[PDB]
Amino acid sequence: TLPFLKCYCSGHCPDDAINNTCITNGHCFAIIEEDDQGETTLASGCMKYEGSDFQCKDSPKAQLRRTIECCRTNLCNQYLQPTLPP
């Protein structure tokens, strides 16, 4: 199915993103991730529909603390700021 959704992207931008946006038939996401030192990063982008249930759900058994959040209205993820799991 054709991409119908426009998303913000940062860190996961495609090689030919324009003005920091991307398109997809799946979801926009934002993710916060903590490395081994306690430092966090925020990133965002587009996720295609196939396999998106696995990725939006994520595994709670991941070794690194991180939270991904997905949404399905245009740009929804731009100011999305998910939080590490408590």
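One-based numbering along the sequence shown. In this text, rigid core is short for the largest set of C-alphas that superpose within 1.5 Å between two forms.
Displacement analysis by core superposition in 5 other deposited structures of this protein ranks 72-80 above the other of 72-80 and 19-27 in root-mean-square C-alpha distance from the shown form. Between stretches 28-36 and 41-49, greater average Cα displacement in 5 other deposited structures of this protein relative to the shown form, fitted by the core, falls on 28-36. Comparing 19-27 with 74-82, the higher mean C-alpha B-factor in the PDB entry belongs to 74-82. Ranked by C-alpha B-factor against the other modelled residues of its chain, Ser44 falls in the lowest third. In the deposited entry, the Cα temperature factor of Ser52 sits in the middle third of values across the chain's modelled residues.
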